[PDB]
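> Sharing start-v3.cif below, mmCIF, C-alpha atoms and all ligand atoms:
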```
data_query
#
loop_
_atom_site.label_atom_id
_atom_site.label_comp_id
_atom_site.auth_asym_id
_atom_site.auth_seq_id
_atom_site.Cartn_x
_atom_site.Cartn_y
_atom_site.Cartn_z
CA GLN A 127 24.80 -24.81 9.86
CA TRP A 128 22.23 -24.51 6.97
CA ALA A 129 22.50 -24.82 3.16
CA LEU A 130 20.00 -25.30 0.25
CA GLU A 131 21.59 -28.73 -0.50
CA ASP A 132 20.14 -29.96 2.86
CA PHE A 133 16.56 -29.68 1.50
CA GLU A 134 14.44 -31.41 -1.17
CA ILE A 135 12.05 -28.66 -2.43
CA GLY A 136 8.44 -29.45 -3.41
CA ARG A 137 5.09 -27.73 -4.13
CA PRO A 138 4.77 -23.90 -3.78
CA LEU A 139 2.58 -22.97 -0.73
CA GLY A 140 2.43 -19.18 -1.39
CA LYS A 141 3.82 -16.57 -3.73
CA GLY A 142 4.42 -12.94 -3.16
CA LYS A 143 6.28 -9.69 -3.40
CA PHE A 144 9.55 -10.66 -1.80
CA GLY A 145 9.52 -14.28 -2.82
CA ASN A 146 7.77 -17.66 -2.40
CA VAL A 147 7.11 -20.29 0.31
CA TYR A 148 7.72 -23.89 -0.79
CA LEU A 149 7.02 -27.26 0.82
CA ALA A 150 10.41 -28.86 1.58
CA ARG A 151 11.94 -31.91 3.22
CA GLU A 152 15.23 -32.02 5.16
CA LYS A 153 17.32 -34.77 3.43
CA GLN A 154 19.14 -36.09 6.53
CA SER A 155 16.11 -36.38 8.88
CA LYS A 156 13.12 -36.48 6.40
CA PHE A 157 11.63 -33.53 8.43
CA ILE A 158 8.84 -31.82 6.39
CA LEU A 159 8.88 -28.05 6.70
CA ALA A 160 8.15 -24.87 4.72
CA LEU A 161 10.96 -22.83 3.13
CA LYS A 162 10.29 -19.08 2.65
CA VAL A 163 12.73 -17.90 -0.09
CA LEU A 164 13.03 -14.09 -0.04
CA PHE A 165 15.04 -12.06 -2.53
CA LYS A 166 17.68 -9.69 -1.25
CA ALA A 167 17.11 -7.30 -4.16
CA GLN A 168 13.47 -6.71 -3.27
CA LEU A 169 14.04 -6.67 0.46
CA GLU A 170 16.69 -3.89 -0.08
CA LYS A 171 14.43 -1.77 -2.39
CA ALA A 172 11.58 -1.84 0.19
CA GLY A 173 13.94 -1.37 3.19
CA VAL A 174 12.38 -4.30 5.13
CA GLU A 175 15.69 -5.71 6.33
CA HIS A 176 14.80 -4.70 9.89
CA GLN A 177 11.42 -6.39 9.70
CA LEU A 178 12.84 -9.68 8.45
CA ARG A 179 15.39 -9.63 11.29
CA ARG A 180 12.55 -9.11 13.70
CA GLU A 181 10.56 -11.96 12.21
CA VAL A 182 13.51 -14.29 12.59
CA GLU A 183 14.35 -12.93 16.09
CA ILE A 184 10.76 -13.20 17.38
CA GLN A 185 9.60 -16.45 15.79
CA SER A 186 12.66 -18.52 16.67
CA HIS A 187 12.27 -17.73 20.42
CA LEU A 188 8.49 -17.85 20.89
CA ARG A 189 7.04 -21.24 21.93
CA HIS A 190 3.28 -21.62 21.80
CA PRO A 191 1.03 -24.19 19.98
CA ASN A 192 -0.82 -21.29 18.22
CA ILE A 193 2.31 -19.50 16.98
CA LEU A 194 4.19 -20.73 13.93
CA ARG A 195 7.76 -21.91 14.76
CA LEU A 196 10.79 -20.64 12.83
CA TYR A 197 13.54 -23.31 13.10
CA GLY A 198 16.37 -21.36 11.51
CA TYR A 199 17.63 -19.36 8.55
CA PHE A 200 20.41 -19.07 5.94
CA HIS A 201 21.31 -16.98 2.86
CA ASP A 202 23.22 -17.09 -0.40
CA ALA A 203 24.50 -14.65 -3.05
CA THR A 204 20.94 -13.38 -3.80
CA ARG A 205 18.44 -15.09 -1.41
CA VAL A 206 17.52 -15.34 2.28
CA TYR A 207 15.85 -18.62 3.38
CA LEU A 208 13.56 -19.00 6.41
CA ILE A 209 12.96 -22.56 7.79
CA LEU A 210 9.38 -22.56 9.01
CA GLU A 211 7.03 -25.04 10.61
CA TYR A 212 4.75 -26.39 7.86
CA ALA A 213 1.05 -25.83 8.69
CA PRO A 214 -0.71 -28.67 6.69
CA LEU A 215 -4.26 -27.30 6.52
CA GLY A 216 -3.26 -23.99 4.85
CA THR A 217 -4.39 -20.40 5.46
CA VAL A 218 -7.59 -19.24 7.21
CA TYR A 219 -7.76 -16.85 4.17
CA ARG A 220 -8.21 -19.89 1.87
CA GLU A 221 -10.67 -21.61 4.31
CA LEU A 222 -12.89 -18.51 4.31
CA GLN A 223 -12.89 -18.34 0.45
CA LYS A 224 -14.06 -21.94 0.40
CA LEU A 225 -16.83 -21.82 3.06
CA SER A 226 -17.74 -18.19 2.50
CA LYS A 227 -18.28 -17.69 6.19
CA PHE A 228 -17.88 -19.54 9.45
CA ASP A 229 -20.40 -20.70 12.07
CA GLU A 230 -20.25 -19.32 15.58
CA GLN A 231 -18.56 -22.39 16.94
CA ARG A 232 -15.71 -22.25 14.49
CA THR A 233 -15.37 -18.46 14.91
CA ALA A 234 -15.34 -18.61 18.77
CA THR A 235 -12.79 -21.48 18.62
CA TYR A 236 -10.47 -19.45 16.32
CA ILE A 237 -10.94 -16.30 18.50
CA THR A 238 -10.02 -18.32 21.65
CA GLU A 239 -6.86 -19.72 19.99
CA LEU A 240 -5.87 -16.31 18.75
CA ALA A 241 -6.51 -14.68 22.10
CA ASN A 242 -4.41 -17.30 23.90
CA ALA A 243 -1.52 -16.79 21.40
CA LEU A 244 -1.86 -13.00 21.82
CA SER A 245 -1.88 -13.21 25.69
CA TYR A 246 1.40 -15.21 25.44
CA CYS A 247 2.74 -12.59 22.92
CA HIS A 248 1.80 -9.60 25.07
CA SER A 249 3.29 -11.29 28.22
CA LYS A 250 6.66 -10.97 26.33
CA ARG A 251 5.72 -7.36 25.27
CA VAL A 252 5.52 -8.52 21.58
CA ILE A 253 2.68 -6.86 19.60
CA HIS A 254 1.90 -8.50 16.26
CA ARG A 255 0.12 -5.49 14.55
CA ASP A 256 -0.55 -7.61 11.39
CA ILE A 257 -3.22 -10.26 12.29
CA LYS A 258 -5.18 -11.02 9.07
CA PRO A 259 -6.54 -14.27 7.54
CA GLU A 260 -3.46 -14.44 5.12
CA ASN A 261 -1.13 -14.56 8.23
CA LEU A 262 -3.12 -17.25 10.03
CA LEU A 263 -2.33 -20.89 9.30
CA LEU A 264 -4.01 -24.13 10.29
CA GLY A 265 -2.17 -27.08 11.88
CA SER A 266 -2.91 -30.81 11.35
CA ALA A 267 -5.69 -30.80 14.05
CA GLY A 268 -7.15 -27.63 12.46
CA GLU A 269 -5.63 -25.42 15.20
CA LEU A 270 -4.92 -21.79 14.31
CA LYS A 271 -1.25 -20.67 14.09
CA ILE A 272 -0.12 -16.99 13.84
CA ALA A 273 2.56 -16.77 11.07
CA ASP A 274 4.10 -13.43 9.97
CA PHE A 275 5.91 -11.52 12.76
CA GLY A 276 7.59 -9.16 10.22
CA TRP A 277 5.54 -6.07 11.23
CA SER A 278 5.82 -6.93 14.97
CA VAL A 279 7.71 -4.66 17.38
CA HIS A 280 7.92 -4.28 21.20
CA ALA A 281 5.03 -2.13 22.54
CA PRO A 282 4.28 0.87 22.64
CA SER A 283 5.98 1.77 19.28
CA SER A 284 5.09 3.74 16.13
CA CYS A 290 1.73 -0.90 3.87
CA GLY A 291 -0.91 -2.89 1.95
CA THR A 292 -4.67 -3.04 2.64
CA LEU A 293 -5.82 -1.10 5.78
CA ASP A 294 -8.70 -3.51 6.56
CA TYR A 295 -7.29 -4.83 9.87
CA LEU A 296 -5.44 -1.75 11.15
CA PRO A 297 -6.94 0.33 13.99
CA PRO A 298 -7.52 4.14 13.84
CA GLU A 299 -4.47 4.98 16.07
CA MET A 300 -2.24 3.07 13.58
CA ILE A 301 -3.67 4.42 10.29
CA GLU A 302 -3.45 7.99 11.81
CA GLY A 303 0.20 7.44 12.74
CA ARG A 304 -0.37 7.76 16.48
CA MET A 305 1.01 5.97 19.49
CA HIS A 306 -0.19 2.45 19.91
CA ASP A 307 0.27 -0.62 21.99
CA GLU A 308 -1.17 -4.03 22.61
CA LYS A 309 -4.70 -2.80 22.09
CA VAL A 310 -3.99 -2.71 18.40
CA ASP A 311 -4.19 -6.60 18.33
CA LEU A 312 -7.56 -6.41 20.16
CA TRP A 313 -8.99 -4.23 17.32
CA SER A 314 -7.67 -6.81 14.79
CA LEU A 315 -9.46 -9.57 16.77
CA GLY A 316 -12.79 -7.66 16.38
CA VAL A 317 -12.16 -7.24 12.62
CA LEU A 318 -11.42 -11.00 12.36
CA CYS A 319 -14.43 -12.04 14.48
CA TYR A 320 -16.65 -9.91 12.18
CA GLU A 321 -15.05 -11.28 8.95
CA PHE A 322 -15.25 -14.89 10.17
CA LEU A 323 -19.05 -14.57 10.71
CA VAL A 324 -19.94 -12.24 7.81
CA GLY A 325 -17.36 -13.31 5.16
CA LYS A 326 -16.02 -9.79 4.62
CA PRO A 327 -14.13 -7.35 7.00
CA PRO A 328 -16.33 -4.58 8.54
CA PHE A 329 -14.55 -1.62 6.85
CA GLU A 330 -14.05 -3.18 3.39
CA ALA A 331 -14.33 -0.83 0.39
CA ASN A 332 -13.34 -0.64 -3.25
CA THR A 333 -10.57 1.97 -2.39
CA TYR A 334 -7.91 2.59 0.25
CA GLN A 335 -9.14 6.22 0.67
CA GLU A 336 -12.69 5.07 1.49
CA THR A 337 -11.46 2.17 3.85
CA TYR A 338 -9.38 4.81 5.72
CA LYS A 339 -12.60 6.95 6.20
CA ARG A 340 -14.63 3.87 7.34
CA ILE A 341 -11.91 2.84 9.93
CA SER A 342 -11.22 6.40 11.27
CA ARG A 343 -15.00 6.89 11.67
CA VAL A 344 -15.62 3.24 12.97
CA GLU A 345 -18.38 2.75 10.35
CA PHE A 346 -19.67 -0.84 10.54
CA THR A 347 -23.18 -2.39 10.39
CA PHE A 348 -24.11 -5.99 11.23
CA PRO A 349 -26.15 -8.21 8.83
CA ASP A 350 -29.35 -9.87 10.27
CA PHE A 351 -27.74 -13.27 11.03
CA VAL A 352 -25.11 -11.83 13.46
CA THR A 353 -26.38 -12.76 16.97
CA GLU A 354 -26.48 -10.33 19.95
CA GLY A 355 -23.55 -12.15 21.65
CA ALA A 356 -21.33 -11.71 18.55
CA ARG A 357 -22.57 -8.08 18.12
CA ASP A 358 -21.61 -7.40 21.79
CA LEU A 359 -18.04 -8.84 21.51
CA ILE A 360 -17.33 -7.18 18.10
CA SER A 361 -18.72 -3.72 19.27
CA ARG A 362 -16.53 -3.94 22.43
CA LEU A 363 -13.44 -4.71 20.32
CA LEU A 364 -14.12 -2.08 17.66
CA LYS A 365 -13.75 1.00 19.95
CA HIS A 366 -11.88 4.15 18.71
CA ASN A 367 -10.30 4.61 22.18
CA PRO A 368 -7.75 1.77 22.74
CA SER A 369 -8.24 1.81 26.57
CA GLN A 370 -12.01 1.20 26.00
CA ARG A 371 -11.16 -2.14 24.25
CA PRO A 372 -11.28 -5.18 26.60
CA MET A 373 -8.34 -7.22 27.83
CA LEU A 374 -7.66 -10.63 26.39
CA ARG A 375 -8.91 -12.24 29.63
CA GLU A 376 -12.26 -10.47 29.20
CA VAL A 377 -12.41 -11.78 25.58
CA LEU A 378 -11.76 -15.45 26.64
CA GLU A 379 -14.47 -15.11 29.35
CA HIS A 380 -17.09 -13.44 27.08
CA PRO A 381 -20.49 -15.33 27.26
CA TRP A 382 -20.62 -15.68 23.46
CA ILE A 383 -17.05 -17.13 23.48
CA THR A 384 -17.58 -19.53 26.46
CA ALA A 385 -20.94 -20.74 24.92
CA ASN A 386 -19.50 -21.53 21.48
CA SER A 387 -15.80 -22.33 21.82
CA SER A 388 -13.88 -25.62 22.46
CA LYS A 389 -11.19 -27.02 24.89
CA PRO A 390 -8.29 -29.64 24.68
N1 LIG B 401 4.68 -22.28 6.98
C1 LIG B 401 3.56 -22.42 6.23
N2 LIG B 401 2.94 -23.61 6.11
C2 LIG B 401 2.01 -23.35 5.14
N3 LIG B 401 1.05 -24.25 4.79
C3 LIG B 401 0.21 -24.24 3.71
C4 LIG B 401 -0.44 -25.44 3.39
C5 LIG B 401 -1.36 -25.47 2.33
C6 LIG B 401 -1.66 -24.31 1.58
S1 LIG B 401 -2.71 -24.38 0.33
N4 LIG B 401 -4.19 -24.54 0.88
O1 LIG B 401 -2.34 -25.51 -0.46
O2 LIG B 401 -2.65 -23.26 -0.53
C7 LIG B 401 -0.98 -23.12 1.89
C8 LIG B 401 -0.07 -23.08 2.95
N5 LIG B 401 2.06 -22.10 4.65
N6 LIG B 401 3.21 -21.59 5.24
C9 LIG B 401 3.49 -20.23 5.14
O3 LIG B 401 4.43 -19.74 5.73
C10 LIG B 401 2.58 -19.34 4.33
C11 LIG B 401 1.89 -18.28 4.95
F1 LIG B 401 2.04 -18.02 6.27
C12 LIG B 401 1.01 -17.50 4.19
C13 LIG B 401 0.86 -17.74 2.82
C14 LIG B 401 1.52 -18.81 2.20
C15 LIG B 401 2.38 -19.58 2.97
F2 LIG B 401 3.05 -20.56 2.36
#
```
Please express the file's structure as structure tokens.
Ligand SMILES: Nc1nc(Nc2ccc(S(N)(=O)=O)cc2)nn1C(=O)c1c(F)cccc1F

Amino acid sequence: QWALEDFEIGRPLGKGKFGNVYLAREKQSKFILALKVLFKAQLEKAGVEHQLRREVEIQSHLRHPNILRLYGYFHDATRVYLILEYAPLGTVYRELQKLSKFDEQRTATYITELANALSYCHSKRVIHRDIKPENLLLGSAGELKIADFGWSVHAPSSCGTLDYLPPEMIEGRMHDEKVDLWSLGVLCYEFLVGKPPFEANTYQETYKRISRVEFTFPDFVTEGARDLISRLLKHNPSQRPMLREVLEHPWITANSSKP
């Protein structure tokens, strides 16, 4: 079905732990895509074989304009290859480094797109649990696309930087869909401020800040944004709103966009 000889490899798009993502073109069709090349050796050492299977499993079956498509996979003596949809406008992570922070209109638009993709996800009992600017890509029309379903499981189940994880997850407790709603609040804050609300110079300190829900808003954050973020950043998961409530929030409806 799939072999490396079917693709013309180009520019690297990302580099990491387990391997790199390259721009590639399918020889037969001239289809431009992104090839994630992971190394078996590293995947074995970390014991992430289950997570990679779940990524493949989940992303090949999901169909949504705000969720990155996985077209297929293959492997060789030492590498596993994922055939991904290529997002041309890069990561939201990179966009935020370049603009420093986003205006309300851009933020509300991204939050709408994310919430729609998460409603679709949750309606198939899939919980992402790893929403962060590095896992959010931008399509050709600048539309947000969720990318790495590796840490996603079927709710209610039971690590790098803690910045986007909720208290129930960092404490090792039982968690469900509401975990993605906390992540949304962290992202909405970071989009407007330029830094996540529980950021610190150490993991130990970030853990304290998250478990204690210790965030303060700078002067430029409007009351509407402060209301949505405060509602999302609740210690009690049941106290967090539903995704419908988020899409209908007056700050969202007043600043977002529609097709
Ligand atoms: N599938 C996907 N497409 C892209 N697009 C892309 C386009 C431009 C740039 S940039 N501004 O040049 O550095 C970067 C990426 N990334 N990609 C990925 O899986 C991917 C990811 F999720 C996270 C990190 C890196 C990736 F590579």
> Using only C-alpha atoms, which protein or nucleic acid residues come within 12 Å of residue 247 of chain A? Drop anything in the same chain fewer than 2 positions from it, and give the result as a PyMOL selection string.
chain A and resi 184-185+187-190+192-193+240-245+249-255+272+275+278-281+308+311+374
> Residues within 6 Å of ligand LIG 401 (chain B) should be enumerated using all atoms listed in the file and returned as a ChimeraX atom specification.
/A:139-140,147,160,210-217,260-261,273
> Pick from A:131, A:350, A:307, A:183: nearest to residue 276 of chain A, with all atoms listed in the file counted?
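Closest residue, counting all atoms listed in the file: A:183.
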> Give me, as JSON, numbers by chain, all polymer residues having an atom no more than 10 Å from segment 173-176 of chain A, counting all atoms listed in the file and skipping those fewer than 4 positions away in the same chain.
{"A": [144, 166, 167, 168, 169, 180, 181, 276, 277]}
> Please, which residues are within 12 Å of (-13.6, -8.0, 10.2) by the file's coordinates, counting all atoms listed in the file, and could they come as a PyMOL selection string?
chain A and resi 227+233+257-259+293-297+312-330+341+344-348+356-357+360-361+363-364
> Please report the interatomic distance between atom CA of residue 143 of chain A and atom CA of residue 283 of chain A in Å with one decimal.
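Between these atoms lies a distance of 25.4 Å.
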> State, in Å with one decimal place, the distance from atom CA of residue 159 of chain A to atom CA of residue 388 of chain A.
27.8 Å
> Could you write out as JSON the box around segment 282-300 of chain A (axis-aligned, all atoms listed in the file, 8 Å on each side), with centre and edge lengths in Å to one decimal?

```
{"center_x": -1.4, "center_y": 0.1, "center_z": 12.3, "size_x": 30.7, "size_y": 25.8, "size_z": 36.7}
```
> Please indicate the distance in Å from atom CA of residue 305 of chain A to atom CA of residue 236 of chain A, rounded to one decimal place.
28.1 Å
> Which one is closest to residue 205 of chain A: A:162, A:220, A:232, A:179? Count only C-alpha atoms.
A:162
> Please complete segment 366-387 of chain A with N, CA and C atoms and give it back as a PDB file, keeping the file's coordinate frame.

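That gives us out27.pdb:
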```pdb
ATOM      1  N   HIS A 366     -12.889   3.190  19.189  1.00  0.00           N
ATOM      2  CA  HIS A 366     -11.880   4.150  18.710  1.00  0.00           C
ATOM      3  C   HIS A 366     -10.792   4.321  19.768  1.00  0.00           C
ATOM      4  N   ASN A 367     -11.202   4.430  21.053  1.00  0.00           N
ATOM      5  CA  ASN A 367     -10.300   4.610  22.180  1.00  0.00           C
ATOM      6  C   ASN A 367      -9.713   3.256  22.607  1.00  0.00           C
ATOM      7  N   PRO A 368      -8.375   3.073  22.425  1.00  0.00           N
ATOM      8  CA  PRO A 368      -7.750   1.770  22.740  1.00  0.00           C
ATOM      9  C   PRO A 368      -7.995   1.256  24.162  1.00  0.00           C
ATOM     10  N   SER A 369      -8.003   2.158  25.165  1.00  0.00           N
ATOM     11  CA  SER A 369      -8.240   1.810  26.570  1.00  0.00           C
ATOM     12  C   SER A 369      -9.663   1.290  26.835  1.00  0.00           C
ATOM     13  N   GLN A 370     -10.612   1.624  25.937  1.00  0.00           N
ATOM     14  CA  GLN A 370     -12.010   1.200  26.000  1.00  0.00           C
ATOM     15  C   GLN A 370     -12.190  -0.229  25.452  1.00  0.00           C
ATOM     16  N   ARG A 371     -11.148  -0.782  24.796  1.00  0.00           N
ATOM     17  CA  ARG A 371     -11.160  -2.140  24.250  1.00  0.00           C
ATOM     18  C   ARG A 371     -10.905  -3.097  25.412  1.00  0.00           C
ATOM     19  N   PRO A 372     -11.516  -4.297  25.458  1.00  0.00           N
ATOM     20  CA  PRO A 372     -11.280  -5.180  26.600  1.00  0.00           C
ATOM     21  C   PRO A 372      -9.883  -5.776  26.644  1.00  0.00           C
ATOM     22  N   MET A 373      -9.580  -6.488  27.712  1.00  0.00           N
ATOM     23  CA  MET A 373      -8.340  -7.220  27.830  1.00  0.00           C
ATOM     24  C   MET A 373      -8.568  -8.571  27.222  1.00  0.00           C
ATOM     25  N   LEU A 374      -7.511  -9.319  26.980  1.00  0.00           N
ATOM     26  CA  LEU A 374      -7.660 -10.630  26.390  1.00  0.00           C
ATOM     27  C   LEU A 374      -8.359 -11.617  27.349  1.00  0.00           C
ATOM     28  N   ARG A 375      -8.185 -11.451  28.647  1.00  0.00           N
ATOM     29  CA  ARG A 375      -8.910 -12.240  29.630  1.00  0.00           C
ATOM     30  C   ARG A 375     -10.413 -12.067  29.486  1.00  0.00           C
ATOM     31  N   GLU A 376     -10.854 -10.825  29.392  1.00  0.00           N
ATOM     32  CA  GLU A 376     -12.260 -10.470  29.200  1.00  0.00           C
ATOM     33  C   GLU A 376     -12.821 -11.135  27.941  1.00  0.00           C
ATOM     34  N   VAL A 377     -12.023 -11.184  26.860  1.00  0.00           N
ATOM     35  CA  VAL A 377     -12.410 -11.780  25.580  1.00  0.00           C
ATOM     36  C   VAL A 377     -12.642 -13.301  25.755  1.00  0.00           C
ATOM     37  N   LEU A 378     -11.686 -14.003  26.387  1.00  0.00           N
ATOM     38  CA  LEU A 378     -11.760 -15.450  26.640  1.00  0.00           C
ATOM     39  C   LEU A 378     -12.930 -15.858  27.547  1.00  0.00           C
ATOM     40  N   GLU A 379     -13.383 -14.920  28.398  1.00  0.00           N
ATOM     41  CA  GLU A 379     -14.470 -15.110  29.350  1.00  0.00           C
ATOM     42  C   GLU A 379     -15.797 -14.520  28.859  1.00  0.00           C
ATOM     43  N   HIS A 380     -15.867 -14.035  27.604  1.00  0.00           N
ATOM     44  CA  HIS A 380     -17.090 -13.440  27.080  1.00  0.00           C
ATOM     45  C   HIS A 380     -18.173 -14.540  26.952  1.00  0.00           C
ATOM     46  N   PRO A 381     -19.462 -14.270  27.320  1.00  0.00           N
ATOM     47  CA  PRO A 381     -20.490 -15.330  27.260  1.00  0.00           C
ATOM     48  C   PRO A 381     -20.732 -15.937  25.881  1.00  0.00           C
ATOM     49  N   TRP A 382     -20.456 -15.176  24.815  1.00  0.00           N
ATOM     50  CA  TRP A 382     -20.620 -15.680  23.460  1.00  0.00           C
ATOM     51  C   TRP A 382     -19.467 -16.631  23.142  1.00  0.00           C
ATOM     52  N   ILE A 383     -18.256 -16.308  23.645  1.00  0.00           N
ATOM     53  CA  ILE A 383     -17.050 -17.130  23.480  1.00  0.00           C
ATOM     54  C   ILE A 383     -17.207 -18.439  24.253  1.00  0.00           C
ATOM     55  N   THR A 384     -17.431 -18.355  25.581  1.00  0.00           N
ATOM     56  CA  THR A 384     -17.580 -19.530  26.460  1.00  0.00           C
ATOM     57  C   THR A 384     -18.700 -20.486  25.983  1.00  0.00           C
ATOM     58  N   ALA A 385     -19.821 -19.938  25.438  1.00  0.00           N
ATOM     59  CA  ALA A 385     -20.940 -20.740  24.920  1.00  0.00           C
ATOM     60  C   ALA A 385     -20.706 -21.409  23.548  1.00  0.00           C
ATOM     61  N   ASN A 386     -19.709 -20.977  22.802  1.00  0.00           N
ATOM     62  CA  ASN A 386     -19.500 -21.530  21.480  1.00  0.00           C
ATOM     63  C   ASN A 386     -18.127 -22.112  21.191  1.00  0.00           C
ATOM     64  N   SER A 387     -17.160 -21.879  22.050  1.00  0.00           N
ATOM     65  CA  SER A 387     -15.800 -22.330  21.820  1.00  0.00           C
ATOM     66  C   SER A 387     -15.534 -23.807  22.171  1.00  0.00           C
TER      67      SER A 387
END
```
